[PDB]
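One structure below.
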Amino acid sequence: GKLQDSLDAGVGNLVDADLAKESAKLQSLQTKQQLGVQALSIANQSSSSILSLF
Amino acid sequence: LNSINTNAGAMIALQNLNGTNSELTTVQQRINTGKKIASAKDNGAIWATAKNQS
Amino acid sequence: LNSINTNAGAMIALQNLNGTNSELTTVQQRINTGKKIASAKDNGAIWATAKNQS
């Protein structure tokens, strides 16, 4: 019984994530995605400035 | 390790609780029988000597 | 510093939280087993001394 518990704990150490880190990584990546959408939206409009010259 | 799949502390606590349960059952037997060696499992050699003497 | 990719304060808070959980688990095991030295990991010298004496 003790050996089975030790093997299960080893598997858990081997595959399981430290979810407290992703609790912050998730918000960081959501804000990063928002900034990326704004940056792409700004970059898309470079051609609009051409109309003003005519 | 803030894993949600593995809980090693619960495993250790369960092992300790099981040991306490086994000790309590042994004392229950030793009380209701009045014998510290009531069977061959408790101590085979002394139980054999006691059977022969009886 | 206003980084989007890193968060040092979260790292420090996580280290402090892990220390608190380690102390709490030590207290859990100590209350459950009833001994402040229940294994060679707790303190090898007095553990071996008490094992031989017992």
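Simple scheme: letters A, B, ... for chains in structure tokens order, numbers from 1 for residues in each chain, numbers from 1 for ligands in the order shown.
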
Mind dumping a table of every chain A residue within 12 Å of chain C, with the nearest atom pair and its distance in Å to one decimal, using only C-alpha atoms, sorted by chain and rising number, as CSV?
residue,atom,partner,partner_atom,distance
A:18,CA,C:14,CA,10.4
A:19,CA,C:14,CA,10.9
A:20,CA,C:14,CA,7.5
A:21,CA,C:14,CA,8.1
A:22,CA,C:10,CA,10.8
A:23,CA,C:10,CA,9.9
A:24,CA,C:10,CA,7.4
A:25,CA,C:5,CA,8.4
A:26,CA,C:5,CA,10.9
A:27,CA,C:4,CA,9.8
A:28,CA,C:4,CA,6.3
A:29,CA,C:5,CA,8.0
A:30,CA,C:4,CA,10.2
A:31,CA,C:4,CA,7.8
A:32,CA,C:4,CA,6.8
A:33,CA,C:4,CA,10.6
A:34,CA,C:4,CA,11.4
A:35,CA,C:4,CA,9.8
A:36,CA,C:4,CA,11.7

Chain C contacts on chain B, only C-alpha atoms, 12 Å, as an MDAnalysis selection string: chainID B and resid 1:2 7:20

Selection near residue 47 in chain B, 8 Å with only C-alpha atoms, sequence-local residues under 5 positions removed, as a ChimeraX atom specification: /B:37-40,42

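Going from CA of residue 7 in chain A to CA of residue 22 in chain B covers 23.6 Å.
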
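Here CA of residue 1 in chain A stands at a distance of 23.7 Å from CA of residue 27 in chain C.
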
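Straight-line separation from CA of residue 49 in chain B to CA of residue 30 in chain B: 19.0 Å.
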